[PDB]
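Take a look at this single chain, the form deposited without the named molecule, given in structure tokens.
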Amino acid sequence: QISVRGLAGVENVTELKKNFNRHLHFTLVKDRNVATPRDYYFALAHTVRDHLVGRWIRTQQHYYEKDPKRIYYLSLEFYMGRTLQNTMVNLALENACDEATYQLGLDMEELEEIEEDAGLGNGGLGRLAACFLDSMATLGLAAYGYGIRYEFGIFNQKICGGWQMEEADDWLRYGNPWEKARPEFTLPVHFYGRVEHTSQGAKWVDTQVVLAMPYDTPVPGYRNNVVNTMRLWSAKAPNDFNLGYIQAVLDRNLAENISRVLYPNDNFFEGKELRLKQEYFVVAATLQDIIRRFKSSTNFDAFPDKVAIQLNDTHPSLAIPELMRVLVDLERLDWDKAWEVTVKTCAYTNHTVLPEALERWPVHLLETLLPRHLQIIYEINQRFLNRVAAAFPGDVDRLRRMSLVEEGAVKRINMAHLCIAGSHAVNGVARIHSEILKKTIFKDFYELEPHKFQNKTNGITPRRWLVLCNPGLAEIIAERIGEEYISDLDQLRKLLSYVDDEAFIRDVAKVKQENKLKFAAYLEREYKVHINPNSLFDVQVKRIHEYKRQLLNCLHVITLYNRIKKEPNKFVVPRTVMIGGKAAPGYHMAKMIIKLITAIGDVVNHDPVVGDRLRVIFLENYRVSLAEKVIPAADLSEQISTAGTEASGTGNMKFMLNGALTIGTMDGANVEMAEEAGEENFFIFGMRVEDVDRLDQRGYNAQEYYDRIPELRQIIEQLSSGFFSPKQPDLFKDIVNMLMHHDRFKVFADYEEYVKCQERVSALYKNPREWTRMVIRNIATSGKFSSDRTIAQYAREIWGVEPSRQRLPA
């Protein structure tokens, strides 16, 4: 069909067809007369999986022989989404499979919709790890992703009566064909116990043992025959566990609960024991695997030459004292030498400055669960603070501020401080964020060790986020500039020479229009909702949080509604406003925001005077597979966090690559996106970080904005009075109270500038040709935001390895 999807050679199509029939018979144990679409999906998945196997074995053999430096990316979250299409894309099998399935009387697109997302993450941090794995494989790095195989990933969201309800995501119910259990490489992990001091060192004894069983998932690079591994650990009880008899066997669940469920908080710290166990479990199993592989190449001097460990935020921070434990207590290295090895091996990436997100563990939890680790952390702290004292003599407040141990009501360990002390590099995830780290939260550490601090601006993989989800756009681009841009996204700059080309302008607009029709159709089929495909598709999809300011969007929507009601017969550019995202189950304000959005829709969508000039839709169960559908369909990307709060953002980048214009604040990577595209090609509004600081210094008073802006006052009066909740007039009181008296994110402060900027958006949308030309300028300058660029920078500047675009032999 289309060029970028690869060849459909007769030999290949014939072989795919016979292997499909083989799997259906021998693997699935079905005949064609009772097979369902799900059986057909599994037969295709097994057929494609067979093509990974040789490449996977050969890749891992190659690393064993060549013994390159290995990169270990430790994360509690890997938000992978679906695997079938991605695998076909990376192996150049998409057109062949399309042809094979077509000849068997099947629609491959229909079979793709059957696959469950692997939802082992909350949002941006989890999805970054997934893009990173794809880029590391594409760049030929000997890289391993290590995490937890949660039985239940991020919950499925249902909306009932306008409220979020949660259902367990039983993603493994039908089996996962992509993973391979490796019970033979099961490893013990220790908990509780006590420390004994002998003649020759400390000993951690009387521990409870939990087994870590690995499951391996292949990670194919783009057309280079490299297949790397993601290893996810599952918790198992030992067979003598608790060993009346029946109860002892039933109580195995206590141990196995460690890997049962993903904590569903985004940018929030919940200090529960089960979470700490998850964090140690992944670290302790992973480090034994790392050391085993290193010894199977005694002299730990060379450890940092053969191993890099990248900590995805502080969640795997226990890697630092665990590595020290192993080197000191088990390998009998002296402390100073062990510490040198540890620092040179470990690197830390920070993803947030929100105080409520930072991990600060109560000492009493660590004392009980991980008594030897607490001792090591204390020793690290004392040696570190001795260095601070020598560098800044007499500065006793600096000593208190920089300590790993926080004093107070309850004593806590600051895990970010631990990571900085024990890592040779510390990075933020966008230039403004990395600057914020050095100026504010980590200022003291930057002054002590300036060389540690780096920036690595985030990116997204153009395989999943262009070729897979938007083949139409990929195709019209390839027609002009060839296919090389898929693994070298900077080549999109060549498209600037087509900004005045009438044919290209038409094709870009046509692709968007087709994406919008397809999405409007998806809406009707799967959710019985009617939308106008000629309206401007105004989209804010991301987790629900106060800092992301879905509420500011809500205020604009009500403003548009009120302006229509005021002048019904005046023309306005029609909009479909789509907002989606999950709220953490315990986050009350986030749950109220969802209810407000559906409540606004109930009024707006049924007002006859509005007609189809304004629709407000809440997109249910936002997840990676839904992102792949809605992002190609969007016209306007809402990236409206308070300046200084969104560390980078990555949805922003996905929208830019897929032909939406952006309305946003100068926050996170939005700053760098506007710099790349030109500020004239971006809808920038609102306070900058410096303006937020100024307001905080004199004191934010929301009442002032209410008093001076009549359109804003009207909205608050509607909310308070029950306009959007007739049967429960006080339903939104908590929201109004927050906005008026304790809004940490200054929603009212950016309201006027936001509304004005939205008017400029609508004015440009009325001129299709100039809108499309601005889109082309965005797509053309999106190259910097490839995760291939990001990973090349980590490789060269942190890990000390050179990427390679060279193919392994098939």
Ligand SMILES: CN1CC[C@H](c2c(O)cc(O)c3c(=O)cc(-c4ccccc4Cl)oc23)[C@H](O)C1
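Residue numbers here begin at 1 and follow the sequence given.
S.K.: For residue 298, record whether it is unmodelled in at least a third of the other compared entries of this protein.
M.R.: In at least a third of the other entries, residue 298 has no coordinates.
S.K.: None, 1 to 3, 4 to 9, or 10 or more: how many residues of the deposited sequence lack coordinates between residue 243 and residue 244?
M.R.: In the deposited sequence, 4 to 9 residues between these two have no coordinates.
S.K.: If you count the residues of the deposited sequence that sit between residue 199 and residue 200 but have no coordinates, do you get none, 1 to 3, 4 to 9, or 10 or more?
M.R.: Nothing is missing.
S.K.: Give the stretch, out of 5-13 and 787-795, with the larger mean C-alpha temperature factor in the deposited entry.
M.R.: Mean CA B-factor is higher for 5-13.
S.K.: If you average the CA temperature factors as listed in the entry, which stretch comes out higher, 472-480 or 623-631?
M.R.: Of 472-480 and 623-631, the stretch with the higher C-alpha B-factor average is 472-480.
S.K.: Tell me, please, which of 611, 651, 119, 462 has the highest C-alpha B factor according to the deposited entry?
M.R.: Each of 611, 651, 119, 462 was compared by C-alpha B-factor; the highest is 611.
S.K.: Whose C-alpha has the highest temperature factor in the PDB entry: 151, 301, 256, 672?
M.R.: When the deposited C-alpha B-factors of 151, 301, 256, 672 are compared, 301 is largest.
S.K.: Relative to the other modelled residues in the chain, which third contains the C-alpha temperature factor of residue 755: lowest, middle or highest?
M.R.: It belongs to the middle third of the chain when residues are ordered by C-alpha B-factor.
S.K.: Among the modelled residues of its chain, does the C-alpha B-factor of residue 494 lie in the lowest, middle or highest third?
M.R.: Its C-alpha B-factor belongs to the highest third of this chain's values.
S.K.: If you rank every modelled residue in this chain by C-alpha B factor, which third holds residue 115: lowest, middle or highest?
M.R.: Middle third of the chain for residue 115's C-alpha B-factor.
S.K.: So where's residue 203 on the chain's Cα temperature factor ranking, which third?
M.R.: Highest third of the chain for residue 203's C-alpha B-factor.
S.K.: Please rank the C-alpha B-factors of the chain's modelled residues and tell me whether residue 167 sits in the lowest, middle or highest third.
M.R.: It belongs to the middle third of the chain when residues are ordered by C-alpha B-factor.
The same protein has a further form, the form solved in complex with the named molecule, not shown here; the description that follows concerns it.
S.K.: Using a 4.5 angstroms cut-off on non-hydrogen atoms, would residue 356 count as touching the named molecule in the bound PDB entry?
M.R.: Yes, contact at 4.5 Å.
S.K.: Using a 4.5 angstroms cut-off on non-hydrogen atoms, would residue 586 count as touching the named molecule in the bound PDB entry?
M.R.: Close contact exists here: in the bound PDB entry, residue 586 approaches the named molecule to within 4.5 Å, heavy atoms only.
S.K.: I'd like to know whether residue 535 contacts the named molecule in the bound PDB entry, with contact meaning heavy atoms within 4.5 angstroms.
M.R.: No, residue 535 is distant from the partner.
S.K.: Please determine whether residue 744 contacts the named molecule in the bound PDB entry, using a 4.5 Å cut-off between heavy atoms.
M.R.: Although the named molecule is absent here, residue 744 would touch it in the bound PDB entry, with heavy atoms inside 4.5 Å.
S.K.: Can you say which of 339-347, 481-489, 542-550, 319-327 gets within 4.5 Å of the named molecule in the bound PDB entry, counting heavy atoms only?
M.R.: In short, 542-550.
S.K.: Of the options 95, 156, 224, 267, which one has a non-hydrogen atom that comes within 4.5 Å of the named molecule in the bound PDB entry?
M.R.: Going through each option in turn, the one that passes is 267.
S.K.: From first to last in sequence, which residues of 217-251 have any non-hydrogen atom within 4.5 angstroms of the named molecule in the bound PDB entry?
M.R.: Heavy-atom contacts within 4.5 Å come from no residue here.
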